Amino acid sequence: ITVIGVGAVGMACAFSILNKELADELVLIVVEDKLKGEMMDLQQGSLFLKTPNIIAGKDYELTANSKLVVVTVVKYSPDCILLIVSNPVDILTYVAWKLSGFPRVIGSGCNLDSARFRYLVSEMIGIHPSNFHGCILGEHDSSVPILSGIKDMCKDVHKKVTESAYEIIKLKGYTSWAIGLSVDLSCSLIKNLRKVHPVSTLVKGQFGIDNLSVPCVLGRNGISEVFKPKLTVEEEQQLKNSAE
Amino acid sequence: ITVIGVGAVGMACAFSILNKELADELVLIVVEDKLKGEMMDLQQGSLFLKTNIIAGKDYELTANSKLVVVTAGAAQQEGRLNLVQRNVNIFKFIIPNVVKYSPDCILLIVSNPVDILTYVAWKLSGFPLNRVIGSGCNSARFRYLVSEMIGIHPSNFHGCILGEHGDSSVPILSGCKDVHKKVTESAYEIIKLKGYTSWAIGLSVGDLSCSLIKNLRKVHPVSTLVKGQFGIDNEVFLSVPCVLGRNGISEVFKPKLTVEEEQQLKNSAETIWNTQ
């Protein structure tokens, strides 16, 4: 597994993927000094993880046949699953798809948003979060609650999931831990779980759209299948809108 | 945590509670040789489990258990409601000796038929309803079967089975009718290929003892009072979705089903009543 960009995200993705014991080999990929210092800080806690190979560098060649490449490449891993994380995701998931030529190109989307959005709702109801099911489609403020899975009530909970990330950046400057965890996705991909996550891909032809995060089944081949739901007129109408 | 009955069910149950590190103490309860022999087999494997296992017959050993799982059952023979009363007779000896020593415990009824034998326990213990639960329809296999028809993980499929843990159960298709029967039939076929169900119901009791011991506030279709629901008026117990925490059932759900679905839960209720 490869993870490019050792910003606070790349490390919380790298540190979370490592706690999941997902890779036999983790590659961190332009600031040479920084990269080697992080690699050796991980390598020093190898006992407390299950990954005997952690190596960083500036040479993409180290990204050789790397089944998963988390982006926070084609040349050396022409077969890899691309997983984009860089913030303006839905757009940059278009970008990558068009740069790589790959068929294996996924963006974090609203996996994390729908993740907290769930926690909060169950938190209010007093139900274990695993037993409440409900998602957020659309772009990672324009997120679109699929209430069909009180109008002003659920919008309110959603409101708190929008202002959240924003207010986080004011205080911190970036989300590091929150998106490291949700990157959950590496888990399902590697282990071929065929689980369903709201992730960003092409939705042209859905919701009348002719030019985002939809529920997709994830496995060792990436998205094996995309859902084409028949949602409510407004929900669907706000899909065109979030697209816009 | 106390298990009562060290037959195959209780031992599969026992082995699941130890496998989930829910128990820091575990009691097992008529044949001594089996009791010790079962207690020594587990203890001989301790390094591979957290724990402090103690078996015996004296119910004094159960004193102050927090959860008590009851598996004490009896076997059919060549020659359905006599059984239902034998076990009731078994419960007239078990439940009083449980409450005599752990009155604030959580009773978990796994012995069959549960729905009825969950009403028996409540009626014998005089416990509040929240501390008297039945393994019920804890659905998992229904969800699994469906979740493979669709090529998706079963944690991203959601649906449940309510009513009698039996042929009367209802699939709540509001949140496939074949897959329901395939489950019930498979329960029957297991009981006569094998003599009983154990592995499966053990995994399930684990699921439930986990929610409860750890206060996960998790939702489980389990047998409790539903008098006042679905046009029901008899103190009948059935599997509805309930919220399980460190105080047994904290809240029972009041679901809103299609008309067909609500007439079937009355049937399922009617069918249990006729024996009860």
- Query: Failed condition for A:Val3, given (1) under 18 Å from A:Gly107 (Cβ atoms); (2) of a type outside the set (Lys, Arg); (3) in a helix (DSSP H, G or I), with all others met?
  - Reply: (3)
- Message: Which count do you get for residues in region B:123-160 that are in contact with an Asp or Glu (Cβ under 8 Å, 6 or more places away or on another chain) and closer than 30 Å to B:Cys105 by Cα?
- Response: 5
- Note on the structure: Listed by first then second residue, the pairs whose first member lies in region A:126-151 and is at the interface with chain B (Cβ under 9 Å from one of its Cβ atoms) and of a type in the set (S, T, N, Q), whose partner is surrounded by 15 or more Cβ atoms within 10 Å (Cβ to Cβ) and part of a strand (DSSP E or B), with beta carbons under 6 Å and at least 6 positions apart or on separate chains, are A:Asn131/B:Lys218; A:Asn131/B:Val219
- Being assigned to a loop (DSSP other than H, G, I, E, B) and surrounded by fewer than 14 Cβ atoms within 10 Å (Cβ to Cβ) is the filter here, so list the residues in region B:52-91 that pass it. B:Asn52, B:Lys57, B:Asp58, B:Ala63, B:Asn64, B:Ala75, B:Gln76, B:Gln77, B:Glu78, B:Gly79, B:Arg80
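A quick yes/no check of all residues on (1) surrounded by fewer than 23 Cβ atoms within 10 Å (Cβ to Cβ); (2) within 13 Å of chain A (Cβ to nearest Cβ); (3) of a type outside the set (S, T, N, Q):
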{"residue": "B:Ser155", "(1), (2), (3)": "yes, yes, no"}
{"residue": "B:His165", "(1), (2), (3)": "no, no, yes"}
{"residue": "B:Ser169", "(1), (2), (3)": "no, no, no"}
{"residue": "B:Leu173", "(1), (2), (3)": "yes, no, yes"}
{"residue": "B:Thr184", "(1), (2), (3)": "yes, no, no"}
{"residue": "B:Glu189", "(1), (2), (3)": "yes, no, yes"}
{"residue": "B:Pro221", "(1), (2), (3)": "no, yes, yes"}
- Note on the structure: Picking from B:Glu164, B:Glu148, the residue that is within 24 Å of B:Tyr119 (Cβ to Cβ) and charged (D, E, K, R) would be B:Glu164
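No lab work stands behind these numbers, since they all come straight from the coordinates. Quick reminder, even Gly has a Cβ in these numbers, built from the backbone with ideal geometry, and neighbours come from all protein chains shown.
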